[PDB]
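Coordinate-derived values only; no laboratory data. A quick note on method: Cβ atoms are made from the backbone with ideal geometry, for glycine too, and the neighbour counts reach across all protein chains shown.
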Amino acid sequence: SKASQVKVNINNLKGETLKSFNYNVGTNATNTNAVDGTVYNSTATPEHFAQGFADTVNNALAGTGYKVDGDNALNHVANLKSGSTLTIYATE
């Protein structure tokens, strides 16, 4: 749903999508800031993955040999909004 979710693509650093999933950002209308604690600790000033989001990322990457560091600023998009596609980056 564009109104309640974002699309997440976990890519490597070579332009290649490893896994994808949808994530609930707590909204009821599209183009609206994610609720704090869904994807990031703070939607306006992201600094860490929310634990539920980190668990979903880690579960999605099981078996791939890759890992995403939610503390890395390269994986932080401020003011992420419902209906958007988020790209985060994994390394081996």
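If you average the C-alpha positions of the stretch 51-90 and of the stretch 1-39 separately, how far apart do those two centres end up, in angstrom? So the separation of the two Cα centres works out to 9 Å. When the convex hull of its Cα atoms is viewed from all sides, the chain shows a mean projected area of 5.1 nm².
Here's the picture: charge each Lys and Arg Cβ at +1 and each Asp and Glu Cβ at -1 in the stretch 5-89, and of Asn9, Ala54, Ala44 the one pushed furthest to the positive end of that dipole is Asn9. What angle, in degrees between 0 and 90 and rounded to the nearest 10, separates the Cα long axis of helix 51-60 from the longest principal axis of the Cα atoms of the chain? So the inclination is approximately 40 degrees. For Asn59, neighbours were defined as the other residues whose beta-carbon sits under 15 Å from its Cβ, and their charges (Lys and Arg +1, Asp and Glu -1) total +1. Each helix, a run of at least 4 DSSP H residues, gives -39500 (n - 2.57); summed and divided by the residues of the chain, these come to -3000 deg cm²/dmol at 222 nm.
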